[PDB]
$ cat start-v8.cif   # mmCIF, C-alpha atoms
data_target
#
loop_
_atom_site.group_PDB
_atom_site.id
_atom_site.type_symbol
_atom_site.label_atom_id
_atom_site.label_comp_id
_atom_site.auth_asym_id
_atom_site.auth_seq_id
_atom_site.Cartn_x
_atom_site.Cartn_y
_atom_site.Cartn_z
ATOM 1 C CA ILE A 875 -136.720 -22.732 27.466
ATOM 2 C CA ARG A 876 -138.745 -21.382 24.529
ATOM 3 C CA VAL A 877 -139.779 -18.041 26.051
ATOM 4 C CA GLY A 878 -136.392 -16.465 26.705
ATOM 5 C CA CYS A 879 -135.557 -16.569 23.001
ATOM 6 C CA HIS A 880 -139.124 -15.550 22.101
ATOM 7 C CA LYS A 881 -138.618 -12.361 24.116
ATOM 8 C CA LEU A 882 -135.547 -11.548 22.011
ATOM 9 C CA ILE A 883 -137.343 -12.401 18.756
ATOM 10 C CA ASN A 884 -140.213 -10.047 19.615
ATOM 11 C CA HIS A 885 -137.840 -7.406 21.006
ATOM 12 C CA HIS A 886 -138.140 -3.914 19.554
ATOM 13 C CA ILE A 887 -134.375 -3.404 19.161
ATOM 14 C CA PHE A 888 -133.650 -6.812 17.590
ATOM 15 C CA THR A 889 -136.363 -6.761 14.897
ATOM 16 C CA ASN A 890 -134.997 -3.502 13.432
ATOM 17 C CA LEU A 891 -131.309 -4.433 13.513
ATOM 18 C CA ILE A 892 -132.139 -7.505 11.419
ATOM 19 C CA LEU A 893 -134.148 -5.251 9.076
ATOM 20 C CA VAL A 894 -131.270 -2.794 8.565
ATOM 21 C CA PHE A 895 -128.809 -5.686 8.123
ATOM 22 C CA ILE A 896 -130.874 -6.966 5.180
ATOM 23 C CA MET A 897 -130.575 -3.579 3.432
ATOM 24 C CA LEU A 898 -126.864 -3.343 4.274
ATOM 25 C CA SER A 899 -126.220 -6.807 2.805
ATOM 26 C CA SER A 900 -128.405 -5.925 -0.192
ATOM 27 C CA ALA A 901 -126.314 -2.798 -0.835
ATOM 28 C CA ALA A 902 -123.107 -4.822 -0.370
ATOM 29 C CA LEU A 903 -124.187 -6.970 -3.349
ATOM 30 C CA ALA A 904 -124.609 -4.041 -5.773
ATOM 31 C CA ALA A 905 -121.036 -2.744 -5.357
ATOM 32 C CA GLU A 906 -119.246 -5.747 -6.861
ATOM 33 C CA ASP A 907 -117.088 -5.768 -9.979
ATOM 34 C CA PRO A 908 -118.683 -8.071 -12.592
ATOM 35 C CA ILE A 909 -115.680 -8.095 -14.924
ATOM 36 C CA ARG A 910 -112.651 -8.559 -12.661
ATOM 37 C CA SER A 911 -113.299 -11.692 -10.611
ATOM 38 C CA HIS A 912 -109.776 -11.542 -9.132
ATOM 39 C CA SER A 913 -110.316 -8.017 -7.827
#
$ encode --input "start-v8.cif" --output "structure tokens"
Amino acid sequence: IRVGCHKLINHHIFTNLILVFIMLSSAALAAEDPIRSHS
């Protein structure tokens, strides 16, 4: 079925969790050590 997953895609709770996960992953990229690769 292509409506059960559509309901989750257009869900109010799911479209904001994916938005906050993008910012969390973006912040996780800016806390890396550029010098010490074996850190």
$ atom_distance --input "start-v8.cif" --atom1 "atom CA of residue 880 of chain A" --atom2 "atom CA of residue 892 of chain A"
15.1 Å
$ atom_distance --input "start-v8.cif" --atom1 "atom CA of residue 902 of chain A" --atom2 "atom CA of residue 886 of chain A"
25.0 Å
$ axis_aligned_box --input "start-v8.cif" --around "segment 901-908 of chain A" --padding-each-side "5 Å" --output "JSON"
{"center_x": -121.7, "center_y": -5.4, "center_z": -6.5, "size_x": 19.2, "size_y": 15.3, "size_z": 22.2}
$ atom_distance --input "start-v8.cif" --atom1 "atom CA of residue 913 of chain A" --atom2 "atom CA of residue 901 of chain A"
18.2 Å
$ decode --input "start-v8.cif" --residues "segment 891-907 of chain A" --atoms "N, CA, C and O atoms" --output "PDB file, in the first residue's frame"
ATOM      1  N   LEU A 891      11.103  15.479  13.510  1.00  0.00           N
ATOM      2  CA  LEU A 891      12.217  14.652  13.960  1.00  0.00           C
ATOM      3  C   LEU A 891      13.300  14.564  12.895  1.00  0.00           C
ATOM      4  O   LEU A 891      14.490  14.677  13.207  1.00  0.00           O
ATOM      5  N   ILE A 892      12.910  14.373  11.634  1.00  0.00           N
ATOM      6  CA  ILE A 892      13.877  14.375  10.543  1.00  0.00           C
ATOM      7  C   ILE A 892      14.532  15.740  10.359  1.00  0.00           C
ATOM      8  O   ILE A 892      15.692  15.807   9.928  1.00  0.00           O
ATOM      9  N   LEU A 893      13.831  16.829  10.683  1.00  0.00           N
ATOM     10  CA  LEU A 893      14.431  18.156  10.607  1.00  0.00           C
ATOM     11  C   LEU A 893      15.465  18.377  11.703  1.00  0.00           C
ATOM     12  O   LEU A 893      16.538  18.925  11.433  1.00  0.00           O
ATOM     13  N   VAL A 894      15.163  17.962  12.937  1.00  0.00           N
ATOM     14  CA  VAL A 894      16.125  18.102  14.029  1.00  0.00           C
ATOM     15  C   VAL A 894      17.299  17.140  13.890  1.00  0.00           C
ATOM     16  O   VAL A 894      18.415  17.474  14.322  1.00  0.00           O
ATOM     17  N   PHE A 895      17.096  15.965  13.286  1.00  0.00           N
ATOM     18  CA  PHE A 895      18.201  15.057  13.012  1.00  0.00           C
ATOM     19  C   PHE A 895      19.203  15.627  12.020  1.00  0.00           C
ATOM     20  O   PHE A 895      20.404  15.375  12.166  1.00  0.00           O
ATOM     21  N   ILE A 896      18.745  16.382  11.020  1.00  0.00           N
ATOM     22  CA  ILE A 896      19.662  17.050  10.104  1.00  0.00           C
ATOM     23  C   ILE A 896      20.578  18.036  10.820  1.00  0.00           C
ATOM     24  O   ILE A 896      21.793  18.028  10.577  1.00  0.00           O
ATOM     25  N   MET A 897      20.036  18.873  11.704  1.00  0.00           N
ATOM     26  CA  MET A 897      20.847  19.779  12.505  1.00  0.00           C
ATOM     27  C   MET A 897      21.760  19.056  13.482  1.00  0.00           C
ATOM     28  O   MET A 897      22.902  19.484  13.675  1.00  0.00           O
ATOM     29  N   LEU A 898      21.290  17.971  14.102  1.00  0.00           N
ATOM     30  CA  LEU A 898      22.157  17.193  14.980  1.00  0.00           C
ATOM     31  C   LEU A 898      23.334  16.581  14.227  1.00  0.00           C
ATOM     32  O   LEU A 898      24.476  16.671  14.692  1.00  0.00           O
ATOM     33  N   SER A 899      23.082  15.975  13.066  1.00  0.00           N
ATOM     34  CA  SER A 899      24.157  15.450  12.236  1.00  0.00           C
ATOM     35  C   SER A 899      25.069  16.545  11.708  1.00  0.00           C
ATOM     36  O   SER A 899      26.282  16.330  11.605  1.00  0.00           O
ATOM     37  N   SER A 900      24.513  17.708  11.365  1.00  0.00           N
ATOM     38  CA  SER A 900      25.327  18.844  10.955  1.00  0.00           C
ATOM     39  C   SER A 900      26.261  19.316  12.059  1.00  0.00           C
ATOM     40  O   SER A 900      27.434  19.590  11.786  1.00  0.00           O
ATOM     41  N   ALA A 901      25.774  19.407  13.293  1.00  0.00           N
ATOM     42  CA  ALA A 901      26.615  19.748  14.431  1.00  0.00           C
ATOM     43  C   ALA A 901      27.635  18.666  14.756  1.00  0.00           C
ATOM     44  O   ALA A 901      28.736  18.992  15.211  1.00  0.00           O
ATOM     45  N   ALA A 902      27.300  17.395  14.535  1.00  0.00           N
ATOM     46  CA  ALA A 902      28.242  16.305  14.745  1.00  0.00           C
ATOM     47  C   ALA A 902      29.419  16.339  13.779  1.00  0.00           C
ATOM     48  O   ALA A 902      30.445  15.710  14.056  1.00  0.00           O
ATOM     49  N   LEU A 903      29.298  17.054  12.660  1.00  0.00           N
ATOM     50  CA  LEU A 903      30.381  17.184  11.695  1.00  0.00           C
ATOM     51  C   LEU A 903      31.376  18.276  12.062  1.00  0.00           C
ATOM     52  O   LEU A 903      32.544  18.190  11.664  1.00  0.00           O
ATOM     53  N   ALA A 904      30.952  19.283  12.824  1.00  0.00           N
ATOM     54  CA  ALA A 904      31.788  20.425  13.160  1.00  0.00           C
ATOM     55  C   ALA A 904      32.501  20.259  14.497  1.00  0.00           C
ATOM     56  O   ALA A 904      32.987  21.245  15.058  1.00  0.00           O
ATOM     57  N   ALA A 905      32.573  19.039  15.018  1.00  0.00           N
ATOM     58  CA  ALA A 905      33.241  18.776  16.288  1.00  0.00           C
ATOM     59  C   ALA A 905      34.308  17.704  16.098  1.00  0.00           C
ATOM     60  O   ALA A 905      34.659  16.969  17.022  1.00  0.00           O
ATOM     61  N   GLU A 906      34.851  17.621  14.887  1.00  0.00           N
ATOM     62  CA  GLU A 906      35.842  16.615  14.541  1.00  0.00           C
ATOM     63  C   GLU A 906      37.233  17.230  14.582  1.00  0.00           C
ATOM     64  O   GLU A 906      37.415  18.427  14.343  1.00  0.00           O
ATOM     65  N   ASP A 907      38.218  16.392  14.892  1.00  0.00           N
ATOM     66  CA  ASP A 907      39.606  16.830  14.946  1.00  0.00           C
ATOM     67  C   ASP A 907      40.224  16.722  13.559  1.00  0.00           C
ATOM     68  O   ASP A 907      40.339  15.608  13.032  1.00  0.00           O
TER      69      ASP A 907
END
